[PDB]
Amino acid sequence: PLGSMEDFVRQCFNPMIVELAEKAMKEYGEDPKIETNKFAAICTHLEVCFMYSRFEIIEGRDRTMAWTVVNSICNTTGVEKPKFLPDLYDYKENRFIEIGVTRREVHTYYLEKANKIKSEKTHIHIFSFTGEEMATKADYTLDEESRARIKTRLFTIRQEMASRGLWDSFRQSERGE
């Protein structure tokens, strides 16, 4: 009763999500059949981006199209150009957003992300599988039920992993970037 994380991924995520995630892994020479906890994390983070998004999706795009979209927004608006390539753009609050989904402590992950991107303008919003969240300046952007729907989906993933004996490994395998 330990299942295959690959089979879980292909069965419990939307195929559009799985295909984007495989595309993203193959781009970096990681194999979805091998690095399966990573495959699941990737799909989960994609699904959160899509649920969160008013918003232009950046994550999930081919890197040349993602930078085209970033540059196009930056040279249309005032906005500072990110050094990395965020997840979303918010046309309302006029800023890029980095979304994180973590199996570690949310403050730890948040500050890792803040330290990587070194931006005063890009908003960071971190979700955990425990239902904890942390967002830049305690500005949460979306309303309560929209964030609750994201947390609920995270719990559903976790329980469905547990059901297959996949949670233990998945939850223990996250490293710093």
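Numbers follow the displayed sequence, beginning with 1.
Per the record, how many residues of the deposited chain fall between residue 53 and residue 54 without being modelled: none, 1 to 3, 4 to 9, or 10 or more?
The entry leaves 10 or more residues without coordinates here.
May I ask you to compare 130-138 and 28-36 by their mean CA B factor in the entry and name the higher one?
Averaged over C-alpha atoms, the B-factors run higher in 28-36.
For the higher mean C-alpha B factor in the entry, choose 141-149 or 39-47.
Going by the record's values, the stretch with the higher mean is 141-149.
Going by the CA temperature factor in the entry, name the top one among 97, 85, 79, 106.
Answer, based on the entry's C-alpha B-factors: 79.
For residue 64, return the chain-relative third of its C-alpha B-factor as stated in the PDB record: lowest, middle or highest.
As the PDB entry reports it, the C-alpha B-factor of residue 64 lands in the middle third of its chain.
Which third, lowest, middle or highest, does the C-alpha temperature factor of residue 119 belong to within its own chain?
Ranked within chain, residue 119 CA B lands in the highest tercile.
Compare the C-alpha B factor of residue 102 with those of the other modelled residues in its chain, then answer lowest, middle or highest third.
Tercile = lowest for this residue's CA B-factor.
Which third, lowest, middle or highest, does the CA B-factor of residue 20 fall in along this chain?
It falls in the middle third of the chain.
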